[PDB]
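Novice: Below you'll find coords.cif; it's mmCIF, C-alpha atoms; chains and numbers go by the auth columns.
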data_target
loop_
_atom_site.group_PDB
_atom_site.id
_atom_site.type_symbol
_atom_site.label_atom_id
_atom_site.label_comp_id
_atom_site.label_asym_id
_atom_site.label_seq_id
_atom_site.Cartn_x
_atom_site.Cartn_y
_atom_site.Cartn_z
_atom_site.B_iso_or_equiv
_atom_site.auth_seq_id
_atom_site.auth_asym_id
ATOM 1 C CA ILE A 1 0.000 0.000 0.000 0.00 138 A
ATOM 2 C CA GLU A 2 2.972 2.349 0.530 0.00 139 A
ATOM 3 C CA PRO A 3 3.072 3.704 -3.062 0.00 140 A
ATOM 4 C CA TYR A 4 -0.684 4.397 -3.056 0.00 141 A
ATOM 5 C CA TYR A 5 -1.032 5.940 0.423 0.00 142 A
ATOM 6 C CA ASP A 6 0.744 9.164 1.445 0.00 143 A
ATOM 7 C CA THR A 7 0.940 10.542 4.986 0.00 144 A
ATOM 8 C CA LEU A 8 3.577 11.830 7.389 0.00 145 A
ATOM 9 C CA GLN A 9 6.607 6.299 12.966 0.00 148 A
ATOM 10 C CA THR A 10 7.499 9.968 12.545 0.00 149 A
ATOM 11 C CA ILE A 11 4.345 10.950 14.442 0.00 150 A
ATOM 12 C CA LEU A 12 5.385 8.745 17.356 0.00 151 A
ATOM 13 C CA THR A 13 8.762 10.507 17.409 0.00 152 A
ATOM 14 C CA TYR A 14 7.217 13.897 18.238 0.00 153 A
ATOM 15 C CA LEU A 15 4.076 12.648 20.000 0.00 154 A
ATOM 16 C CA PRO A 16 5.519 12.241 23.541 0.00 155 A
ATOM 17 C CA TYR A 17 6.566 15.895 23.604 0.00 156 A
ATOM 18 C CA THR A 18 3.053 16.961 22.598 0.00 157 A
ATOM 19 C CA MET A 19 1.395 14.671 25.151 0.00 158 A
ATOM 20 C CA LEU A 20 3.323 16.306 28.010 0.00 159 A
ATOM 21 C CA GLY A 21 1.827 19.677 27.059 0.00 160 A
ATOM 22 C CA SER A 22 4.860 21.046 25.222 0.00 161 A
ATOM 23 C CA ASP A 23 5.252 22.614 21.794 0.00 162 A
ATOM 24 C CA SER A 24 6.366 20.348 18.958 0.00 163 A
ATOM 25 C CA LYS A 25 7.897 20.833 15.473 0.00 164 A
ATOM 26 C CA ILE A 26 4.674 19.487 13.863 0.00 165 A
ATOM 27 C CA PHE A 27 2.064 20.251 16.570 0.00 166 A
ATOM 28 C CA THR A 28 1.770 23.789 17.947 0.00 167 A
ATOM 29 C CA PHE A 29 -0.514 25.086 20.684 0.00 168 A
ATOM 30 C CA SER A 30 -2.212 28.464 20.418 0.00 169 A
ATOM 31 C CA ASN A 31 -4.701 30.750 22.164 0.00 170 A
ATOM 32 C CA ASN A 32 -3.343 30.235 25.681 0.00 171 A
ATOM 33 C CA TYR A 33 -3.178 26.454 25.175 0.00 172 A
ATOM 34 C CA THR A 34 -6.863 26.041 24.339 0.00 173 A
ATOM 35 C CA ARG A 35 -6.536 24.549 20.842 0.00 174 A
ATOM 36 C CA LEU A 36 -4.061 22.369 18.955 0.00 175 A
ATOM 37 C CA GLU A 37 -3.460 22.617 15.202 0.00 176 A
ATOM 38 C CA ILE A 38 -3.020 19.370 13.273 0.00 177 A
ATOM 39 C CA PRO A 39 -0.606 20.059 10.376 0.00 178 A
ATOM 40 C CA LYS A 40 -0.991 19.374 6.681 0.00 179 A
ATOM 41 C CA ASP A 41 0.182 15.986 5.389 0.00 180 A
ATOM 42 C CA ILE A 42 -1.998 14.133 7.895 0.00 181 A
ATOM 43 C CA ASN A 43 -4.815 12.623 5.848 0.00 182 A
ATOM 44 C CA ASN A 44 -8.410 12.308 7.062 0.00 183 A
ATOM 45 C CA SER A 45 -8.189 9.012 8.981 0.00 184 A
ATOM 46 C CA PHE A 46 -5.035 9.769 10.986 0.00 185 A
ATOM 47 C CA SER A 47 -6.319 13.250 11.840 0.00 186 A
ATOM 48 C CA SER A 48 -9.646 11.820 13.000 0.00 187 A
ATOM 49 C CA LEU A 49 -7.837 9.331 15.228 0.00 188 A
ATOM 50 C CA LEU A 50 -5.430 11.932 16.613 0.00 189 A
ATOM 51 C CA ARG A 51 -8.340 14.193 17.527 0.00 190 A
ATOM 52 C CA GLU A 52 -9.243 11.548 20.115 0.00 191 A
ATOM 53 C CA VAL A 53 -5.664 11.107 21.347 0.00 192 A
ATOM 54 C CA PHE A 54 -5.048 14.851 21.635 0.00 193 A
ATOM 55 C CA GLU A 55 -7.930 15.154 24.107 0.00 194 A
ATOM 56 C CA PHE A 56 -5.557 13.935 26.818 0.00 195 A
ATOM 57 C CA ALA A 57 -2.830 16.412 25.855 0.00 196 A
ATOM 58 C CA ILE A 58 -5.010 19.527 25.980 0.00 197 A
ATOM 59 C CA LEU A 59 -6.830 18.493 29.156 0.00 198 A
ATOM 60 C CA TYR A 60 -3.558 17.699 30.909 0.00 199 A
ATOM 61 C CA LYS A 61 -2.117 21.033 29.791 0.00 200 A
ATOM 62 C CA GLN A 62 -5.127 22.850 31.239 0.00 201 A
ATOM 63 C CA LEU A 63 -4.771 20.973 34.528 0.00 202 A
ATOM 64 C CA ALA A 64 -1.042 21.738 34.655 0.00 203 A
ATOM 65 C CA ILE A 65 -1.762 25.428 34.068 0.00 204 A
ATOM 66 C CA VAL A 66 -4.276 25.410 36.917 0.00 205 A
ATOM 67 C CA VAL A 67 -1.918 23.581 39.280 0.00 206 A
ATOM 68 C CA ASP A 68 1.006 25.881 38.494 0.00 207 A
ATOM 69 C CA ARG A 69 -1.169 28.998 38.825 0.00 208 A
ATOM 70 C CA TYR A 70 -2.995 28.216 42.099 0.00 209 A
ATOM 71 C CA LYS A 71 -0.168 26.325 43.817 0.00 210 A
ATOM 72 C CA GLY A 72 0.338 28.715 46.730 0.00 211 A
ATOM 73 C CA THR A 73 -2.134 31.529 46.068 0.00 212 A
ATOM 74 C CA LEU A 74 -5.431 30.179 47.409 0.00 213 A
ATOM 75 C CA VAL A 75 -5.985 30.804 51.119 0.00 214 A
ATOM 76 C CA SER A 76 -8.875 28.415 51.748 0.00 215 A
ATOM 77 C CA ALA A 77 -7.671 25.062 53.064 0.00 216 A
ATOM 78 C CA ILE A 78 -10.299 23.033 51.183 0.00 217 A
ATOM 79 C CA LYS A 79 -9.194 24.191 47.743 0.00 218 A
ATOM 80 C CA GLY B 1 17.412 39.199 62.747 0.00 276 B
ATOM 81 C CA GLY B 2 14.379 37.770 64.513 0.00 277 B
ATOM 82 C CA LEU B 3 12.165 38.758 61.581 0.00 278 B
ATOM 83 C CA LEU B 4 12.657 35.306 60.022 0.00 279 B
ATOM 84 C CA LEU B 5 9.957 33.781 62.227 0.00 280 B
ATOM 85 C CA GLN B 6 7.497 36.376 60.924 0.00 281 B
ATOM 86 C CA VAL B 7 8.400 35.526 57.326 0.00 282 B
ATOM 87 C CA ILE B 8 7.938 31.789 57.889 0.00 283 B
ATOM 88 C CA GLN B 9 4.615 32.311 59.660 0.00 284 B
ATOM 89 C CA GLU B 10 3.444 34.622 56.873 0.00 285 B
ATOM 90 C CA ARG B 11 4.645 32.083 54.305 0.00 286 B
ATOM 91 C CA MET B 12 2.924 29.204 56.113 0.00 287 B
ATOM 92 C CA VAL B 13 -0.568 30.694 55.764 0.00 288 B
ATOM 93 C CA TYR B 14 -0.822 29.886 52.049 0.00 289 B
ATOM 94 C CA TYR B 15 0.298 26.250 52.450 0.00 290 B
ATOM 95 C CA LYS B 16 -1.902 25.545 55.484 0.00 291 B
ATOM 96 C CA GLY B 17 -3.839 22.875 53.583 0.00 292 B
ATOM 97 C CA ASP B 18 -0.908 21.251 51.808 0.00 293 B
ATOM 98 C CA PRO B 19 0.351 18.289 53.885 0.00 294 B
ATOM 99 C CA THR B 20 3.934 17.953 52.632 0.00 295 B
ATOM 100 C CA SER B 21 4.612 21.691 52.377 0.00 296 B
ATOM 101 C CA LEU B 22 3.113 22.330 55.808 0.00 297 B
ATOM 102 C CA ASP B 23 5.186 19.510 57.301 0.00 298 B
ATOM 103 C CA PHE B 24 8.386 20.915 55.815 0.00 299 B
ATOM 104 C CA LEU B 25 7.616 24.470 56.930 0.00 300 B
ATOM 105 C CA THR B 26 6.708 23.312 60.437 0.00 301 B
ATOM 106 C CA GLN B 27 9.922 21.289 60.716 0.00 302 B
ATOM 107 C CA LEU B 28 11.972 24.264 59.508 0.00 303 B
ATOM 108 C CA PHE B 29 10.234 26.596 61.959 0.00 304 B
ATOM 109 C CA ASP B 30 10.789 24.158 64.820 0.00 305 B
ATOM 110 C CA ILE B 31 14.522 23.764 64.249 0.00 306 B
ATOM 111 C CA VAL B 32 15.125 27.448 63.482 0.00 307 B
ATOM 112 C CA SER B 33 13.302 28.681 66.591 0.00 308 B
ATOM 113 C CA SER B 34 15.253 26.399 68.940 0.00 309 B
ATOM 114 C CA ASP B 35 17.863 29.075 69.707 0.00 310 B
ATOM 115 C CA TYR B 36 15.155 31.564 70.704 0.00 311 B
ATOM 116 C CA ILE B 37 13.639 28.944 73.000 0.00 312 B
ATOM 117 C CA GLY B 38 17.068 28.442 74.553 0.00 313 B
ATOM 118 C CA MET B 39 17.362 32.146 75.325 0.00 314 B
ATOM 119 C CA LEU B 40 13.839 32.270 76.758 0.00 315 B
ATOM 120 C CA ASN B 41 14.388 29.127 78.837 0.00 316 B
ATOM 121 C CA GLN B 42 17.595 30.461 80.371 0.00 317 B
ATOM 122 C CA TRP B 43 15.941 33.811 81.066 0.00 318 B
ATOM 123 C CA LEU B 44 12.950 32.247 82.836 0.00 319 B
ATOM 124 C CA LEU B 45 14.896 29.512 84.673 0.00 320 B
ATOM 125 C CA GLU B 46 18.076 31.314 85.783 0.00 321 B
ATOM 126 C CA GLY B 47 17.535 35.009 85.025 0.00 322 B
ATOM 127 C CA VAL B 48 20.617 35.269 82.799 0.00 323 B
ATOM 128 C CA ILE B 49 20.908 36.713 79.289 0.00 324 B
ATOM 129 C CA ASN B 50 23.726 35.065 77.360 0.00 325 B
ATOM 130 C CA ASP B 51 23.876 35.728 73.612 0.00 326 B
ATOM 131 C CA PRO B 52 25.493 39.132 72.889 0.00 327 B
ATOM 132 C CA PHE B 53 23.799 39.655 69.498 0.00 328 B
ATOM 133 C CA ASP B 54 20.937 41.663 71.071 0.00 329 B
ATOM 134 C CA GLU B 55 18.551 39.184 69.456 0.00 330 B
ATOM 135 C CA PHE B 56 16.536 38.468 72.597 0.00 331 B
ATOM 136 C CA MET B 57 13.454 40.539 73.380 0.00 332 B
ATOM 137 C CA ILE B 58 14.367 41.293 77.030 0.00 333 B
ATOM 138 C CA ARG B 59 17.080 43.910 76.482 0.00 334 B
ATOM 139 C CA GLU B 60 19.361 44.284 79.484 0.00 335 B
ATOM 140 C CA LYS B 61 21.611 47.309 78.914 0.00 336 B
ATOM 141 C CA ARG B 62 25.005 48.150 80.398 0.00 337 B
ATOM 142 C CA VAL B 63 25.337 51.264 82.564 0.00 338 B
ATOM 143 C CA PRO B 64 27.939 53.714 81.177 0.00 339 B
ATOM 144 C CA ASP B 65 31.173 53.916 83.144 0.00 340 B
ATOM 145 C CA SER B 66 30.616 57.667 83.521 0.00 341 B
ATOM 146 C CA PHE B 67 27.486 57.004 85.631 0.00 342 B
ATOM 147 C CA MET B 68 28.505 53.851 87.537 0.00 343 B
ATOM 148 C CA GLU B 69 28.700 55.590 90.920 0.00 344 B
ATOM 149 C CA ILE B 70 25.356 57.330 90.376 0.00 345 B
ATOM 150 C CA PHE B 71 23.487 54.162 89.406 0.00 346 B
ATOM 151 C CA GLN B 72 24.978 52.138 92.263 0.00 347 B
ATOM 152 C CA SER B 73 23.437 54.546 94.778 0.00 348 B
ATOM 153 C CA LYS B 74 20.032 54.680 93.041 0.00 349 B
ATOM 154 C CA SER B 75 19.606 50.994 92.259 0.00 350 B
ATOM 155 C CA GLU B 76 15.861 51.515 91.743 0.00 351 B
ATOM 156 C CA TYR B 77 16.432 53.142 88.359 0.00 352 B
ATOM 157 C CA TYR B 78 18.988 50.470 87.479 0.00 353 B
ATOM 158 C CA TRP B 79 16.469 47.693 88.119 0.00 354 B
ATOM 159 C CA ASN B 80 13.499 49.559 86.624 0.00 355 B
ATOM 160 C CA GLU B 81 14.883 51.353 83.533 0.00 356 B
ATOM 161 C CA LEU B 82 17.810 49.324 82.163 0.00 357 B
ATOM 162 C CA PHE B 83 15.631 46.268 81.495 0.00 358 B
ATOM 163 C CA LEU B 84 13.403 46.738 78.453 0.00 359 B
ATOM 164 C CA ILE B 85 11.293 44.702 76.041 0.00 360 B
ATOM 165 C CA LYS B 86 12.272 44.979 72.366 0.00 361 B
ATOM 166 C CA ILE B 87 8.784 45.178 70.752 0.00 362 B
ATOM 167 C CA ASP B 88 10.090 44.615 67.184 0.00 363 B
ATOM 168 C CA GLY B 89 11.125 40.993 67.727 0.00 364 B
ATOM 169 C CA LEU B 90 8.023 39.838 69.610 0.00 365 B
ATOM 170 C CA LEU B 91 5.793 37.086 68.276 0.00 366 B
ATOM 171 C CA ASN B 92 2.014 37.290 68.482 0.00 367 B
ATOM 172 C CA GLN B 93 2.070 34.919 71.469 0.00 368 B
ATOM 173 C CA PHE B 94 3.950 37.496 73.560 0.00 369 B
ATOM 174 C CA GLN B 95 1.939 40.432 72.131 0.00 370 B
ATOM 175 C CA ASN B 96 0.101 40.802 75.437 0.00 371 B
ATOM 176 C CA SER B 97 0.822 43.324 78.176 0.00 372 B
ATOM 177 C CA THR B 98 0.388 40.968 81.136 0.00 373 B
ATOM 178 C CA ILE B 99 2.537 38.219 79.602 0.00 374 B
#
How does this structure look as structure tokens?
Specialist:
Amino acid sequence: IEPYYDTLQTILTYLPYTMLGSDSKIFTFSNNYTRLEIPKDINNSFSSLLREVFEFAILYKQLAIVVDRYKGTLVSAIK
Amino acid sequence: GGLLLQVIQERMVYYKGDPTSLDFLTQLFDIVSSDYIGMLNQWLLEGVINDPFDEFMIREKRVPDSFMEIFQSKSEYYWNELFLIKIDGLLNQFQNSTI
């Protein structure tokens, strides 16, 4: 199928850095880490699958932002 | 000087709900304060001030040599004026007139 199917193992090379909520050469965050742009040269199927995988990355980034921001600011003991 | 205890106590308010951070801050406060407790214990058990850094709150002051003969006669002013309480270094526990 290789000759008849074109798409960018290379994804798995740069995927761990994106999963940990960090910028990547092929995946870039924007708008205060609220959206992630899937590049060109990722055909329909792979993009549709990644949209499910990238849910973890964005959610974890949001949680990390919250933890880093409210680490020692809140006064209430419960929070 | 003695302002460190105020900084730690101020710092400790924000981490009052965090177990590990509160444990570390409490341990640090306990070990750091031990010298101050030594001064207070000697003062209340033997009536002697020891450390010459003027850290302790109960400031005993030396009479000048020029007035030694005067103060020896009027010992009332020696024992009522040359012992003072340094208000800057007091903790909130001692921030009470009767204590």
Novice: Would you list which chain B residues are within 7 Å of chain A using only C-alpha atoms, as JSON, numbers by chain?
Specialist: {"B": [289, 290, 291, 292]}
Novice: Generate the output file for the selected residues, C-alpha atoms, as a PDB file, in the coordinates of the input.
Specialist:
ATOM      1  CA  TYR B 289      -0.822  29.886  52.049  1.00  0.00           C
ATOM      2  CA  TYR B 290       0.298  26.250  52.450  1.00  0.00           C
ATOM      3  CA  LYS B 291      -1.902  25.545  55.484  1.00  0.00           C
ATOM      4  CA  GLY B 292      -3.839  22.875  53.583  1.00  0.00           C
TER       5      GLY B 292
END
Novice: Near residue A:159, counting all atoms listed in the file, which residues have an atom at most 9 Å away, once you skip same-chain residues fewer than 5 positions from it, shown as a list in words?
Specialist: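 With the cut-off at 9 Å, the set is residues 154, 196, 199 and 200 of chain A.
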Novice: Which residues come within 12 Å of residue B:368, counting only C-alpha atoms, excluding same-chain residues fewer than 5 positions away, as a count of residues only?
Specialist: 3
Novice: Taking all atoms listed in the file into account, which of B:361, B:353, B:295, B:316 comes nearest residue B:329?
Specialist: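 Of all the options, B:361 lies closest to residue B:329.
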Novice: Can you measure atom CA of residue A:172 to atom CA of residue A:207 for me? One decimal in Å is fine.
Specialist: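 Separation between atom CA of residue A:172 and atom CA of residue A:207: 14.0 Å.
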Novice: As an exercise, work out the distance from atom CA of residue B:301 to atom CA of residue B:366 in Å and give it to one decimal place.
Specialist: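 Here the two named atoms are 15.9 Å from each other.
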Novice: Could you state the separation of atom CA of residue B:362 and atom CA of residue B:342 in Å, given to one decimal place?
Specialist: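 Interatomic distance, atom CA of residue B:362 to atom CA of residue B:342: 26.7 Å.
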Novice: On this structure, which residues satisfy the PyMOL selection byres ((chain A and resi 178-182) around 7), written as a VMD selection string?
Specialist: chain A and resid 144 to 145 165 to 166 176 to 177 183 to 186
Novice: Find, counting all atoms listed in the file, the residue in A:158, A:209, A:171, A:139 that gets nearest to residue A:192.
Specialist: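 Of A:158, A:209, A:171, A:139, the one nearest residue A:192, counting all atoms listed in the file, is A:158.
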Novice: Taking the file above as input, evaluate the PyMOL selection byres ((chain B and resi 302-309) around 12) and report the hits as a PyMOL selection string.
Specialist: chain B and resi 276-287+295-301+310-316+331+366
Novice: Using all atoms listed in the file, which protein or nucleic acid residues come within 9 Å of residue B:318? Drop anything in the same chain fewer than 6 positions from it, and give the result as a PyMOL selection string.
Specialist: chain B and resi 324-325+333
Novice: Please provide the set of residues having any atom within 10 Å of residue B:359, restricted to all atoms listed in the file, with same-chain residues fewer than 4 positions apart removed, written as a ChimeraX atom specification.
Specialist: /B:332-336,355
Novice: Starting from the displayed file, determine the output of the PyMOL selection byres ((chain A and resi 173) around 12) and express the residue list as a list in words.
Specialist: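 Checking the PyMOL selection byres ((chain A and resi 173) around 12) against this file, the residues are residues 160, 167, 168, 169, 170, 171, 172, 174, 175, 176, 193, 194, 196, 197, 198, 199, 200, 201, 202 and 204 of chain A.
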Novice: Give the padded box for stretch 172-178 of chain A as lines of an AutoDock Vina configuration file: axis-aligned, covering all atoms listed in the file, 8 Å on each side, centre and edge lengths in Å to one decimal.
Specialist:
center_x = -3.7
center_y = 22.9
center_z = 17.8
size_x = 22.3
size_y = 23.1
size_z = 30.8
